[PDB]
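Here's the structure we're looking at; comments come further down.
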Amino acid sequence: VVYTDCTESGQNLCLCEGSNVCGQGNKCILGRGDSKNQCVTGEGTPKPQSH
């Protein structure tokens, strides 16, 4: 299986923080500056990565 990094904000099932594979109950948000990648708590979305 091939996991990837989060591309959009609101996705979870991807490597958000360094190697952290965010899943359910979490949501990654890619902002700006130093706050460009974070696993915030809530509900994200499955990030498409494989066709």
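To be explicit about the labels: the chains of the structure tokens are called A, B, and onward in the order shown, and within each one the residues are counted from 1, while ligands get numbers from 1 in the order they are shown.
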
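Residues within 7 Å of stretch 43-45 of chain A, counting only C-alpha atoms and excluding same-chain residues fewer than 6 positions away, are residues 10, 11, 12, 24, 25, 26, 27 and 28 of chain A.
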
Dump of C-alpha atoms for the selected residues, as a JSON list (two decimals), in the first residue's frame:
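What ended up in selection.json:
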```
[["chain", "number", "residue", "atom", "x", "y", "z"],
["A", 10, "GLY", "CA", -9.19, 18.81, 5.99],
["A", 11, "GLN", "CA", -7.68, 15.47, 5.04],
["A", 12, "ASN", "CA", -6.47, 12.90, 7.56],
["A", 24, "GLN", "CA", -10.10, 9.06, 12.00],
["A", 25, "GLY", "CA", -10.91, 11.59, 14.68],
["A", 26, "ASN", "CA", -8.13, 13.80, 13.41],
["A", 27, "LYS", "CA", -7.86, 16.26, 10.58],
["A", 28, "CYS", "CA", -4.75, 17.73, 8.98]]
```

Problem set entry | Near-residue A:5 list (8 Å; only C-alpha atoms; drop same-chain fewer than 4 positions) as a PyMOL selection string | chain A and resi 14-16

File dump, residues just selected, N, CA, C and O atoms, as a PDB file, in the first residue's frame:
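See result13.pdb below for the written result:
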```
ATOM      1  N   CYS A  14      -3.323  10.420   5.696  1.00  0.00           N
ATOM      2  CA  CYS A  14      -2.081  10.723   5.010  1.00  0.00           C
ATOM      3  C   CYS A  14      -0.999  11.042   6.042  1.00  0.00           C
ATOM      4  O   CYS A  14      -1.305  11.210   7.226  1.00  0.00           O
ATOM      5  N   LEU A  15       0.254  11.131   5.614  1.00  0.00           N
ATOM      6  CA  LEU A  15       1.322  11.534   6.523  1.00  0.00           C
ATOM      7  C   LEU A  15       1.305  13.045   6.652  1.00  0.00           C
ATOM      8  O   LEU A  15       1.729  13.765   5.748  1.00  0.00           O
ATOM      9  N   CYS A  16       0.781  13.520   7.760  1.00  0.00           N
ATOM     10  CA  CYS A  16       0.702  14.939   8.008  1.00  0.00           C
ATOM     11  C   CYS A  16       1.982  15.442   8.642  1.00  0.00           C
ATOM     12  O   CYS A  16       2.792  16.116   8.011  1.00  0.00           O
TER      13      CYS A  16
END
```

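Restricting the calculation to only C-alpha atoms, the smallest distance between residue A:18 and any of A:4, A:49, A:42, A:33 is found for A:4.
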
Problem set entry | Secondary structure check, strand (DSSP E or B) residues of chain A, as a ChimeraX atom specification | /A:5,11,15,21,26-29,32,35,38-41

Write the residues of the preceding selection, restricted to N, CA and C atoms, as a compact mmCIF listing (two decimals), in the first residue's frame.
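Result written to again39.txt:
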```txt
# COMPACT_ATOMS: atom_id res chain seq x y z
N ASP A 5 1.59 12.23 1.56
CA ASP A 5 1.46 13.36 2.46
C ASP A 5 0.17 14.09 2.15
N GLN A 11 -7.95 16.90 5.24
CA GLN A 11 -7.68 15.47 5.04
C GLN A 11 -6.98 14.88 6.25
N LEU A 15 0.25 11.13 5.61
CA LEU A 15 1.32 11.53 6.52
C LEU A 15 1.31 13.04 6.65
N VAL A 21 0.75 9.30 10.43
CA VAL A 21 -0.34 8.99 9.52
C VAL A 21 -1.65 9.28 10.22
N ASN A 26 -9.07 12.72 13.63
CA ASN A 26 -8.13 13.80 13.41
C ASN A 26 -8.32 14.39 12.03
N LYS A 27 -7.76 15.56 11.83
CA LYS A 27 -7.86 16.26 10.58
C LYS A 27 -6.63 17.14 10.37
N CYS A 28 -5.94 16.96 9.26
CA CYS A 28 -4.75 17.73 8.98
C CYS A 28 -5.10 19.00 8.24
N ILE A 29 -4.50 20.10 8.66
CA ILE A 29 -4.70 21.38 8.01
C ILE A 29 -3.37 21.98 7.59
N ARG A 32 -0.10 28.07 6.53
CA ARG A 32 0.95 28.91 5.97
C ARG A 32 1.97 29.25 7.03
N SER A 35 2.85 27.30 10.42
CA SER A 35 1.65 26.53 10.66
C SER A 35 1.15 25.94 9.34
N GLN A 38 -0.54 20.53 10.33
CA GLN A 38 -0.90 20.18 11.70
C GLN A 38 -2.03 19.17 11.74
N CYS A 39 -1.92 18.22 12.66
CA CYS A 39 -2.98 17.28 12.93
C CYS A 39 -3.89 17.81 14.03
N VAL A 40 -4.94 18.50 13.64
CA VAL A 40 -5.91 19.02 14.58
C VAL A 40 -7.00 17.97 14.81
N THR A 41 -7.66 18.04 15.95
CA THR A 41 -8.67 17.06 16.29
C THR A 41 -10.04 17.47 15.76
```
